[PDB]
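Take a look at the structure below.
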Amino acid sequence: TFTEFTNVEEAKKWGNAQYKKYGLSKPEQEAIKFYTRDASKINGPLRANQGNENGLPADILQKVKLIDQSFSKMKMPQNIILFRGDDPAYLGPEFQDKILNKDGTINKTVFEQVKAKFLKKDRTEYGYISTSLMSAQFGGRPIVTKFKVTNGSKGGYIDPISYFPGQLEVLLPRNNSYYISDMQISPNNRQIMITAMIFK
């Protein structure tokens, strides 16, 4: 069974209880905080260099190593549901500009091609994955992903050290493969809903 938090008070309670056990060092905490300030400064270079840490500028490499090292301390204590909102660029360059009709609705014909590319297949990203324990904040995004993450999987609640407290952010490792088990158009026809699974 996967736990889904429906209320901020309960979500903060859970997250804080786990965060207290991490014992992240000061350099680990500073590298994660730097990431939260603007994830693009880390995920950008990682995409640019196709995950090859040796190509990163020395200062970014150092932050990547500390964040990577921090996941030795951060594991999910139970099966849990996490959320991420995305823009059309997430689907790739061949879809970015065709997936939405002029009126903001999802193009049903192109969506069939998106399914063909992604549905029941794995995908791996070069960047770390930022999610939230709650979905509310992603309500107006064109793509919302619900990640089902199993107990024991790497990942941590970092809200207490985030630059932007209250986002209820859970950070997942980079180069992290997930399986897309479902994709649907939402009832209002203006959103794509993706279900993805992570087991490590």
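With full-length UniProt numbering, you'll find the sequence shown wraps up at 244, consecutive numbering, no jumps.
Note that beta-carbon positions come from the ideal geometry of N, C-alpha and C, so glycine has one too.
Using DSSP with H/G/I as helix, E/B as strand and the rest coil, what is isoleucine 224? strand
DSSP state of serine 114, grouped into three classes? helix
Expressed to the nearest angstrom, what Euclidean distance is found between the alpha-carbon atoms of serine 174 and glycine 200? 10 Å
With a threshold of 16 other CB atoms inside 10 Å of the CB of residue 12, please say whether the residue is buried or exposed. The structure shown does not extend to residue 12, since the chain spans only 45 to 244, so no value can be given for it.
If I measure Cβ to Cβ from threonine 47 and keep anything under 7 Å in the same chain, skipping five residues before and after, which residues do I get? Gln122, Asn123, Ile124 and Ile125
Could you check if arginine 91 belongs to the surroundings of the ligand NAP, using beta carbon to heavy atom distance under 7 Å? Among the components of this structure there are no ligands whatsoever, and the ligand NAP is therefore not found.
Using 8 Å as the cut-off, can you tell me whether the region 157-165 makes contact with the region 203-216, which would need three or more C-beta pairs spanning the two stretches below that distance? no
Given a cut-off of 8 Å on the beta-carbon distance, is the pair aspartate 130 and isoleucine 86 in contact? no
At what residue ranges does the region 136-173 contain a whole run of the beta strand (DSSP E), taking only runs of 3 or more? 166-169
What do you get for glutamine 235, buried or exposed, if any count of 16 or more other CB atoms within 10 angstroms of its CB means buried? buried
Would you kindly work out how many angstroms separate the C-alpha atoms of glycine 67 and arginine 81, rounded to a whole number? 21 Å
Specify whether the region 67-78 and the region 94-104 touch according to this definition: at least 3 beta carbon pairs, one from each stretch, less than 8 Å apart. no
Pair within 8 Å by beta-carbon distance, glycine 95 and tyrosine 207: no
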